[PDB]
Amino acid sequence: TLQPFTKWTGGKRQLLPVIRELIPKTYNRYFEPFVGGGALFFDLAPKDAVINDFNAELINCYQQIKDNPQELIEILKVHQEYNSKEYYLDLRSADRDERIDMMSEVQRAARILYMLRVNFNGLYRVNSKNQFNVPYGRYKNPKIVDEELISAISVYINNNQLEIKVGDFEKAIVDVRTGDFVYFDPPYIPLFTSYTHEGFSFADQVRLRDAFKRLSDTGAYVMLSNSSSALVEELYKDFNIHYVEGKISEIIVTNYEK
Ligand SMILES: C[S@@+](CC[C@H](N)C(=O)[O-])C[C@H]1O[C@@H](n2cnc3c(N)ncnc32)[C@H](O)[C@@H]1O
Ligand SMILES: [Hg+2]
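Residues numbered from 1 in each chain as written, not as in the entry; some residues may be left out. Chains lettered and ligands numbered in written order. Heavy atoms only, no water. Residues with missing side-chain atoms left out of burial classes, pairs and counts.

- Header annotation of the entry names X-ray crystallography as the structure determination method and lists the resolution as 1.8 Å.

Have a look at this one:
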C-alpha cells in the first residue's frame, strides 16, 4: 500500500521490521519531527499526526502531493518523455538563473522529484549557493513516474488529520500531550573529535536529547535512532538503549519497555 514517494538519505525502509517490533502497543497521536522520506509515517498511516523537516524543498513535495496531485503527475510525465542528459542539465540550471523564482510550487516539486530519479545515486545535494550540484546518472530506470502511488498518498492525506510543518524539530513538538508517540531520526553522530556536517551539530544533538527528556517527563512514548557512538551511549545513558545488527550498525533509544 503506502510507502515513500522518493528515495532519501537515511531512509528507514530496511529497518522497519525492527522498528515495528519496538513501537508502543497503544498510543494517541503520532509525531515524526525529522520526517525525511517518511518510511515509518507511511507504514503506520496514522489518522492523526504531525510531520516536519527543516528541508523546505522536501516539505513542498508533501504539500503538492496533497494539493495538486494531477498537475504533478502531468508534469512528471513530460519530464519522463523528454528525459536526456541534456534535458536534465538545462532543467537543473533553472536554480542558477531566476527561472526557479518564476516556477510554481508544483512545478518545483516535479523538478526535484525528476532529478532525484535520474541523477547519480538519487542523491540530494546543493552547493554553497544552494544550487543543485549532482551529475546525471547511468543505466537508470526509464520509468520514473508512479501514478497510482501519488494518487493514493494524496487521497490518504486529504481524508485524515495531518499537520505538515517546515523548520526546526523543536517547533514541531510543541503540541505533544501524554500518551502520544514521537519518533526521532536526526542526522547521525559521525564515527571526541570535531566534525563537519550539513547542518545538525553536536550542540543540536544535546538540545535534542534535552527535548527527549522533557517529552518523557510529560508522559509520551519516544523513540530515537542514531549511530552506535559512545557519545550516543553517554547522552542517553539514562534510557533503554537497543543495539542493532554482532558488529552493531546502529542504536534505537526508547523511554520505555512495552
Ligand atoms: C536522517 S534523515 C530522516 C530519514 C527518515 N527517517 C526516513 O525514513 O526517510 C534526517 C532528516 O533530518 C532533517 N533535519 C536536519 N536538521 C534538522 C533540524 N534542525 N530540525 C528538523 N529537521 C532537521 C534532514 O533534512 C533529514 O531529512
Ligand atoms: Hg523531494
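Comments concerning the packing of aromatic side chains
Here is step 1: In this structure the tally under the stated criterion is 22 aromatic pairs.
Here is step 2: An aromatic cluster is defined as three or more aromatic residues linked by ring pairs; in this entry it consists of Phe 34, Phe 169, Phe 184, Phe 200, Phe 212, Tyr 236 and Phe 239. (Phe/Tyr/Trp six-rings, centres within 6.5 Å; stacked < 30°, edge-to-face > 60°.)

Let's talk about the pattern of salt bridges
Here is step 1: Across all of its chains, the model carries 14 salt bridges by this definition.
Here is step 2: Between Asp 146 and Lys 143 there is a salt bridge; the shortest N-O distance is 3.3 Å.
Here is step 3: Given a relative accessible area of 32%, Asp 146 falls into the partly exposed group.
Here is step 4: Across the salt bridge formed by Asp 210 and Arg 209, the nearest N and O atoms sit 2.6 Å from each other. (Salt bridge = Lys/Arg side-chain N within 4 Å of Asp/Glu carboxyl O. Buried < 20%, exposed > 50% of the residue type's maximum accessible area, 1.4 Å probe, protein only.)

Some thoughts on the packing of helix α5 (residues 85–92) against helix α7 (residues 105–118)
Here is step 1: Two elements in contact, α5 and α7, have axes separated by 11 Å at closest approach and are oriented at 140 degrees. Relative to α7, α5 is oriented oblique. Crossing angle aside, the handedness with which α5 passes α7 is left-handed. Across the interface between the two elements, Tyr 87, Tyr 88, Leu 91 and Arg 92 of α5 pack against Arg 111, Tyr 114, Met 115 and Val 118 of α7.
Here is step 2: Among the residues forming the contact of α5 with α7, the class breakdown is 6 nonpolar, no polar and 2 charged. (Axes fitted to C-alpha atoms, helices over the stretch in contact; angles between N-to-C directions. Helix = DSSP H or I, 4+ residues; strand = E, 2+ residues; numbered from the N terminus. Parallel < 35°, antiparallel > 145°, perpendicular 65-115°, else oblique. Left-handed = near helix turned anticlockwise from the far one by under 90°. Contact = heavy atoms within 4.5 Å. Nonpolar A, V, L, I, M, F, W, Y, C, P; charged D, E, K, R; others polar.)

Section: the sheet that holds strand β5 (residues 221–227)
Here is step 1: Spatially, 7 strands are ordered β3-β2-β1-β4-β5-β7-β6 in an open sheet, and the strand pairing comes out mixed. Of all the strands in the sheet, just β3 (161–166) and β6 (240–244) have a single pairing partner and so form its edges. Between one strand axis and the next, the sheet turns through 15 degrees on average, direction left out of account.
Here is step 2: Strand direction decides the pairing type here: strand β1 (residues 30–32) and strand β2 (residues 48–53), joined by 3 bridges, are parallel. If you follow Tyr 30 over to β2, its bridge partner there is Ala 49.
Here is step 3: Each of β4 (181–184), β5 and β7 (250–254) is contacted by helix α9 (residues 202–216), which is oriented at about 160 degrees to β5, the strand it contacts most. (Pairing = 2+ DSSP bridges.)

A few points about the domain arrangement of the chain
Here is step 1: For the chain, the assigned domains read domain 1 (1–55 + 159–258) and domain 2 (56–158).
Here is step 2: Of the residues lining the interface, 28 residues belong to domain 1; the matching set on domain 2 comes to 21 residues.
Here is step 3: Secondary structure elements with two or more residues in the side of domain 1 that touches domain 2: α2 (39–44), β2 and β3.
Here is step 4: Examining the composition of the side of domain 1 that touches domain 2, we find that 4 residues originate from one element, β3, more than from any other.
Here is step 5: Residue composition of the side of domain 1 that touches domain 2, by class: 14 nonpolar, 11 polar and 3 charged. (Domains from an automatic or database assignment.)

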